[PDB]
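Comments concern the structure below.
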Amino acid sequence: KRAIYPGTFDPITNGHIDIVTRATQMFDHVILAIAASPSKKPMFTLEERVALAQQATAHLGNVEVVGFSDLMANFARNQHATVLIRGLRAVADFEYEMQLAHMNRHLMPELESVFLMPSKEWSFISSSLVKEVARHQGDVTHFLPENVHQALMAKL
Amino acid sequence: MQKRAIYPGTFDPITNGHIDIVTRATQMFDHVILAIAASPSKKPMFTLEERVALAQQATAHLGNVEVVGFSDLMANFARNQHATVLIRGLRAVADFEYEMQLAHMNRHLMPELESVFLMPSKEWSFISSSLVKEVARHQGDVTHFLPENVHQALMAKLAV
Amino acid sequence: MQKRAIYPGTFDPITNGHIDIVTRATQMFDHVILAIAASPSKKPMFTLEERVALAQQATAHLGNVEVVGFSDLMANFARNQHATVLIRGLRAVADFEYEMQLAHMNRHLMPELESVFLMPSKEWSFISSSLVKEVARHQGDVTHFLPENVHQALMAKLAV
Amino acid sequence: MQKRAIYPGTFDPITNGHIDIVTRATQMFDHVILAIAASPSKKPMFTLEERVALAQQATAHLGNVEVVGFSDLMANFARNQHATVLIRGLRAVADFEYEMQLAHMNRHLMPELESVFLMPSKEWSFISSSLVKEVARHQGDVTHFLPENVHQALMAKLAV
Amino acid sequence: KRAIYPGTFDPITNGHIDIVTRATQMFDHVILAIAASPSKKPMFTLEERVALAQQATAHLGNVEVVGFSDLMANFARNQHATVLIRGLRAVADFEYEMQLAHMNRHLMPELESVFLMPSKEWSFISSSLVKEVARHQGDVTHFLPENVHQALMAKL
Amino acid sequence: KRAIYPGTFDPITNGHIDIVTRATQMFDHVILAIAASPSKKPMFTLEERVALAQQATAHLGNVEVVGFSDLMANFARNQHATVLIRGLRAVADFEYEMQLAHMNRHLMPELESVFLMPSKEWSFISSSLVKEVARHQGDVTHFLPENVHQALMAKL
Ligand SMILES: Oc1cccc2nc(CCc3cccc(Cl)c3)[nH]c12
Ligand SMILES: Oc1cccc2nc(CCc3cccc(Cl)c3)[nH]c12
Ligand SMILES: Oc1cccc2nc(CCc3cccc(Cl)c3)[nH]c12
Ligand SMILES: Oc1cccc2nc(CCc3cccc(Cl)c3)[nH]c12
Ligand SMILES: Oc1cccc2nc(CCc3cccc(Cl)c3)[nH]c12
Ligand SMILES: Oc1cccc2nc(CCc3cccc(Cl)c3)[nH]c12
Numbered sequence: 003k004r005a006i007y008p009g010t011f012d013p014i015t016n017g018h019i020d021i022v023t024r025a026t027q028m029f030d031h032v033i034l035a036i037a038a039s040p041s042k043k044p045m046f047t048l049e050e051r052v053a054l055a056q057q058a059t060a061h062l063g064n065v066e067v068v069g070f071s072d073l074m075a076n077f078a079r080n081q082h083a084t085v086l087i088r089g090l091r092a093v094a095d096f097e098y099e100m101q102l103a104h105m106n107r108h109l110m111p112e113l114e115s116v117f118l119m120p121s122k123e124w125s126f127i128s129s130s131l132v133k134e135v136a137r138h139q140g141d142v143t144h145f146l147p148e149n150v151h152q153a154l155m156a157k158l
Numbered sequence: 001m002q003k004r005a006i007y008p009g010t011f012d013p014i015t016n017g018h019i020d021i022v023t024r025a026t027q028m029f030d031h032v033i034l035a036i037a038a039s040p041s042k043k044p045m046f047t048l049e050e051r052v053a054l055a056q057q058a059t060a061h062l063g064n065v066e067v068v069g070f071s072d073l074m075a076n077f078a079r080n081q082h083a084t085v086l087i088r089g090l091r092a093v094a095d096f097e098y099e100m101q102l103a104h105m106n107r108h109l110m111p112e113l114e115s116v117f118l119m120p121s122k123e124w125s126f127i128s129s130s131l132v133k134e135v136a137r138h139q140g141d142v143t144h145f146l147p148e149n150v151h152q153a154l155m156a157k158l159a160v
Numbered sequence: 001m002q003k004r005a006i007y008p009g010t011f012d013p014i015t016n017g018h019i020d021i022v023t024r025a026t027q028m029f030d031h032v033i034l035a036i037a038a039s040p041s042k043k044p045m046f047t048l049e050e051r052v053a054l055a056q057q058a059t060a061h062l063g064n065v066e067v068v069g070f071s072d073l074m075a076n077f078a079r080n081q082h083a084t085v086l087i088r089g090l091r092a093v094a095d096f097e098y099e100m101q102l103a104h105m106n107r108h109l110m111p112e113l114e115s116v117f118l119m120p121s122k123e124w125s126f127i128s129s130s131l132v133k134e135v136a137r138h139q140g141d142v143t144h145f146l147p148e149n150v151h152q153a154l155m156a157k158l159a160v
Numbered sequence: 001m002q003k004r005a006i007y008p009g010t011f012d013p014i015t016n017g018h019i020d021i022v023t024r025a026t027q028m029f030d031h032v033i034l035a036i037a038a039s040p041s042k043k044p045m046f047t048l049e050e051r052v053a054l055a056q057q058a059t060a061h062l063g064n065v066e067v068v069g070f071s072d073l074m075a076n077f078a079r080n081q082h083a084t085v086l087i088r089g090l091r092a093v094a095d096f097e098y099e100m101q102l103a104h105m106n107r108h109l110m111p112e113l114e115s116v117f118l119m120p121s122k123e124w125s126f127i128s129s130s131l132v133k134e135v136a137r138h139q140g141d142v143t144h145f146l147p148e149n150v151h152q153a154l155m156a157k158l159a160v
Numbered sequence: 003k004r005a006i007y008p009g010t011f012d013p014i015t016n017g018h019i020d021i022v023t024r025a026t027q028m029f030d031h032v033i034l035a036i037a038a039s040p041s042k043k044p045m046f047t048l049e050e051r052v053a054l055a056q057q058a059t060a061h062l063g064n065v066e067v068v069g070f071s072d073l074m075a076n077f078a079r080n081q082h083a084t085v086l087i088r089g090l091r092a093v094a095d096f097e098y099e100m101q102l103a104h105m106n107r108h109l110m111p112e113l114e115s116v117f118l119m120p121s122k123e124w125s126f127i128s129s130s131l132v133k134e135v136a137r138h139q140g141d142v143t144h145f146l147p148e149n150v151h152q153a154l155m156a157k158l
Numbered sequence: 003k004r005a006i007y008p009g010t011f012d013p014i015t016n017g018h019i020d021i022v023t024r025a026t027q028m029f030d031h032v033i034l035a036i037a038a039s040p041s042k043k044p045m046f047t048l049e050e051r052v053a054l055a056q057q058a059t060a061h062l063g064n065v066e067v068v069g070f071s072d073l074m075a076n077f078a079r080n081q082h083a084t085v086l087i088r089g090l091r092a093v094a095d096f097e098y099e100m101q102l103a104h105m106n107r108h109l110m111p112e113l114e115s116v117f118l119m120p121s122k123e124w125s126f127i128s129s130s131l132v133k134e135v136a137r138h139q140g141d142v143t144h145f146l147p148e149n150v151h152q153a154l155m156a157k158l
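Put into structure tokens, the structure is as follows:
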């Protein structure tokens, strides 16, 4: 049983770690799949985001980190994945998540989207919020893996 | 991984929306328990025995589905059944805040039980057992939303 | 086009918010039926006869409004009345998901009936018959939210 | 400014979420009245006398908190108590539209009373007295969500 | 009775077709009004969007397609329209729709905003989502009129 | 008792005036704090936004208008503020407001976020909406203080 957890992960946060950890407790193999996402003009290059996520998930034996620029549904088919994991924080996210999941189902009917709920601890954070605080030199050590925090400090 | 999943609800009665969710759950988990609550607080249209028999008949074609009634706190039942996955259907019209409250409470009660949210087909994304019953009680056509055995049982229930 | 529109609800009692919606509906459709549900499930404060008389008096100045009671599934009543438009008021505080469920169910029941959502004035965007009744029962001033005849009827109802 | 604030609710029973909100309110307002509604419509698990005593004991460490029962429209009670601030707790799972309806209605009733929304700790952002009671009635562990005196009272209530 | 259905329509989708068709069953004349929308940096020029919508709605006799750069309320007044149609997909859209409708009411009190609900089939699609899938070469034939699909393929 | 009311205020609207007025009826001193917000690419410079807000709030004796480029939580600590005011218009705003308030609480636990509800009159307006209408020469006199309206007319 192979699951894909796709996203921009710009950068990967403790919220993302929480979701991928939950996914590994449920599925045999989890592919953490980092989308290139040029339209979002990411802070970190795809190569940097992949390296950060690889380092942050090395303790989890059944996580494979990969980058992709393809249509997500095509990438999931090409990874032999039948489960698509997404984290569900709030209502505003849920509605866009429904659109994406219905589109993905149209593109690959056998790829089942599943939503996981993060810990209360990470229910109010996002990569965007963490970057905004860090741009103003605010302490974000609590929200990121150590290697990501260092990389964000170094980047800024 | 030999995962056991539970899909709890009142299933009063079981709809095509519930069939769609339980079908999707069987494609990703080895064993799925469709767990029917006594749900005395709501005062159900169908008795637990009727709800169980309707659900067994409607899911008989799915080999890895077990239909079972329960009267305890769902988390207590999931624990006793050795389930590690809790299936929740998320319709386009679901109370998202309530689902969050429920999942956090279930996680407090049984941390080893993971809540997983599945999405039904667009076809069943706007219905509920509640709306189906209300429409049928008021002489509306609900055949499209139900398994054939459920349609027959509901017609018989409303006739008396 | 000689469009017939229906504006259903419990109108228990009719408020300035309902008057605002029905007024807007008369400006765009030739004939508007303000359709009052028996709504026995909720157990209304005012009887159907009281609700109808209050609504007739409050809408008498609108020439193309017909106030009518109904006990069937609203879609069944809209079909029998040859209505092709179903008016729903959408307040800033409406249950959007419920409105979607209702409109899709109404479309399944009668495809030729189009649900149209109208927006009330900002003035009435945060009230409901439910909140108005609760406030009045608890000795609060609701005069501002009601037609004068409704204010008089509600005071008389609460006095006994 | 010698501000008097009111924090109304049914507190059936008072939870750690309510304690968190009332604590935050005492840090910004000089006097906080924790106002317990008779709330007969809901039919509460605990009587008003039980709810008041539980809340007094759970807030005794907060010097500027006064626990008081009330049976009038909350706005009528706030007016008589010379309160100019109305505390509302806003959980991650609150009915935002309902809070808006309530605040606008309270502003219509008493314009000099300002509704202020406080946010509880992430720890209590997904609970309610309703969910806590439901879980406890169904043999679930709710100790974590309640003050110790409330936990003892709830166990005694459910035992009989 | 004249109704205006305004939007960016970048490009027009089957969801938009569904709404305009419903609008023609209710009102005598429907103006499908395409806003220039430079702030949104559209994929298609106004002239292209107008031509695509004209071709896509030619089967509906009481639809007139027009482009505009004016304040929408002024354009509706200038078209003698008294009805403003908008499609209502989800909660997140509904709130911004309320702001726009209350502003339009302030600008032109007699222009009544009316919301129509799309078919379940088109309830999870948007021009943005279709463009995102098409940018990654994903199949969008199901969501667009034939002429629009060809034009989107040709544009990309 | 010192409260801070932070925001981009690009430009300050009658909705913002309504909130700051409510805040002064509750707290002894209110700092209306204008964030530089370069990421939002504001129409008005920080100096212009500060001057507009100063003029618009001069009638309120206990309002101090200040600009800032710092982390908001650091600025609140540096202003000796213990209350953070935000206006709550709708559901979509509420969710992002929760994230910001939980982050601010992590950065400064003693700074209490409080939400105030605007008048029905201003419940559907925003700086963005007012600028959009004004860009198309629509009448926005009703939504802005006189000095702001003149400045917006002059800017456009
Ligand atoms: O399969 C898909 C269906 C619908 C839209 C989609 N957009 C893509 C492009 C890749 C991408 C971009 C941003 C973020 C991610 Cl996780 C992936 N694939 C999609
Ligand atoms: O595990 C739980 C956690 C929180 C609340 C819940 N209430 C129950 C009681 C049983 C019940 C009632 C209605 C429907 C079902 Cl599926 C089950 N279990 C829950
Ligand atoms: O056409 C309908 C479709 C779906 C559900 C609905 N329930 C009814 C029953 C009648 C009713 C009850 C309360 C209020 C009114 Cl306005 C009407 N009609 C509906
Ligand atoms: O001032 C008010 C305005 C609007 C509605 C309200 N309903 C009441 C009645 C009393 C009550 C009932 C339940 C819970 C409480 Cl805290 C108070 N007061 C309200
Ligand atoms: O009448 C109006 C009221 C409020 C805002 C408005 N913005 C405009 C500009 C034209 C425009 C831009 C984008 C999309 C459309 Cl459909 C129209 N008119 C407006
Ligand atoms: O304390 C904070 C916590 C979380 C995010 C934050 N972003 C900032 C930067 C300043 C800023 C930018 C835009 C708008 C405002 Cl009101 C303030 N401070 C923050």
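Protein chains in written order, with the entry's author numbering: chain A, 3 to 158; chain B, 1 to 160; chain B', 1 to 160; chain B'', 1 to 160; chain A', 3 to 158; chain A'', 3 to 158. A prime marks a further copy of an entry chain. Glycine included, each C-beta is placed from N, C-alpha and C at the ideal position.
- Relative to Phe145/B'', the option among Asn76/B'', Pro120/B'', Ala159/B'' whose CA is nearest is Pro120/B''.
- Checking the 7 Å criterion, the Cβ of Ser39/A'' is within range of a heavy atom belonging to ligand 6.
- Between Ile6/B'' and the set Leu118/B'', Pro147/B'', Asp141/B'', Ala153/B'', the nearest pair of CA atoms involves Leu118/B''.
- Here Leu34/B carries a strand assignment [DSSP, helix/strand/coil].
- The C-beta of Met1/B' comes no closer than 8 Å to any C-beta of chain B.
- Cβ atoms of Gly69/B'' and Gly17/B'' stay farther apart than 8 Å, at about 20 Å.
- The residues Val67, in chain order, have a CB closer than 6 Å to that of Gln56/B in the same chain once the five nearest residues on each side in sequence are set aside.
- Per DSSP, reduced to three states, the secondary structure at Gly69/B'' is strand.
- In terms of CA proximity to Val116/B, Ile87/B leads the group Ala92/B, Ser130/B, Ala94/B, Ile87/B.
- Put simply, the CB of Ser125/B' is near chain A'', with a gap under 8 Å to one of its CB atoms.
- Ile14/A' and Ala58/A' have their alpha carbons spaced roughly 8 Å apart.
- For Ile21/B, the CB contacts under 8 Å within the same chain, skipping 5 residues up- and downstream, are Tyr7, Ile87, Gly89, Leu118, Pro120 in chain order.
- Within the stretch 17 to 39 of chain B, no residue has a Cβ lying closer than 7 Å to any Cβ of chain B''.
- In this structure, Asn149/A' places its C-beta atom within 8 Å of the C-beta atom of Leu54/A'.
- Under the Cβ criterion of 8 Å, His138/A'' is not counted among the residues facing chain A.
- Closer than 9 Å at the C-beta level to chain B'', one finds these residues of the stretch 144 to 155 of chain B': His144, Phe145.
- Counting other Cβ atoms within 10 Å of its Cβ, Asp12/B'' reaches 16 or more and is therefore classed as buried.
- Within the stretch 43 to 72 of chain A, those residues whose Cβ lies closer than 7 Å to any Cβ of chain A' are, in chain order, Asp72.
- For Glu112/A', the three-state secondary structure derived from DSSP is coil.
- Apart from sequence neighbours up to five positions away, no residue of its chain approaches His108/B'' with a beta-carbon distance below 6 Å.
- With three or more CB-CB distances shorter than 8 Å, the stretch 95 to 113 of chain B' counts as touching the stretch 77 to 85 of chain B'.
- Counting of Cβ neighbours within 10 angstroms places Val160/B'' among the exposed residues, the total staying below 16.
- For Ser129/A', the nearest beta carbon of chain A is not closer than 8 Å to its own beta carbon.
- Per DSSP, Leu86/B' lies in no alpha helix (DSSP H); the unbroken beta strand (DSSP E) holding it starts and ends at 85 to 89.
- For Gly17/B', the enclosing alpha helix (DSSP H) starts and ends at 16 to 28.
- Distances between the C-beta of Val135/A'' and the heavy atoms of ligand 5 include at least one below 7 Å.
- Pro8/A'' has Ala35/A'' as its beta-bridge partners, per DSSP.
- The bridge partners DSSP lists for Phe117/B' are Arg88/B', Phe117/A'.
- DSSP, reduced to helix, strand and coil, places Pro147/B outside both helices and strands of the structure shown, so it counts as coil.
- Per DSSP, the unbroken alpha helix (DSSP H) holding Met74/B starts and ends at 74 to 80.
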